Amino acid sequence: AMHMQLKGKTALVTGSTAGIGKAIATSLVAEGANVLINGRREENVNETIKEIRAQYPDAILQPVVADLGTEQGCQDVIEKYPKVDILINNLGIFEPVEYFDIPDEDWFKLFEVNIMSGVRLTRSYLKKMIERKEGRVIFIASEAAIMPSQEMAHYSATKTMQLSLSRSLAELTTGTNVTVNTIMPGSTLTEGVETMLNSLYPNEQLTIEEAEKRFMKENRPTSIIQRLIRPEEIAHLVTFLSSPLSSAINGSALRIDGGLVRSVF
């Protein structure tokens, strides 16, 4: 009674070369959606598509090599891929830099990359979805959008902003079956984190599992779950939201942070 009726639907997953974006893509094609994988580097895109052909040899994949952080990257894609039934705004970059040190241009970069990507894309895909009363748009933000991270003012700002953008969009869907919602993942075990855990805690013969554990206890004491979230975990929800089974959720920001944010919300 709980089918994800998303076979035959084309989903775009921006910056899905690795991490969450990769997890989300895999899960979605696993439910027979025609996933359009986007990444800046042509190598990274192909290499990802291979990891996937390997898992679902009967699958419809499409490499969308482009830079969605650039104005010209985006316009190419609305040209080359006019129809998109499910849009996941996963593209988002970051770099830790104490606040007084963030150069000015960096604020302009993180905004163009983490927001305009979403604005630019939806300016066409949502319009299109609205005319046909059908589809999803989901933003991948982070628990930072509510609890700003101490060494990423700007990133934290971009996340917080996404929420706004997300809600304003959700309200353009009045009457239809199109939902625009945002999810907020907590600390996930991406691949940069993966190896970050190797070098961290030296001098203490530690296993990488035991390592996650002390790292959480150490730098992320408010986590109830007490471990990184595996991409798959985020992917489950994203998929759920992608399905027409989630038609009652529109204009929401759902926290998927294993407890991080101490708030009754």
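A residue's number is simply how far along the shown sequence it sits, counting from 1.
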Averaging the C-alpha temperature factors as deposited, the higher value of 161-169 versus 69-77 falls on 69-77
Determine, for stretches 252-260 and 15-23, which one has the higher mean CA B-factor as deposited.
-> 15-23
Of the residues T239, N34, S223, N219, the one carrying the largest Cα B-factor as recorded | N34
Please place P82 in the lowest, middle or highest third of its chain by C-alpha B factor as given in the entry.
-> highest
Should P185 be placed in the lowest, middle or highest third of its chain by the C-alpha B factor in the entry?
-> lowest
Temperature factor at the Cα of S117, chain-ranked in thirds, falls in the lowest
Here the Cα B-factor of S149, set against its chain, lands in the third termed lowest
Considering only modelled residues of the same chain, in which third does the CA B-factor of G192 rank: lowest, middle or highest?
-> highest
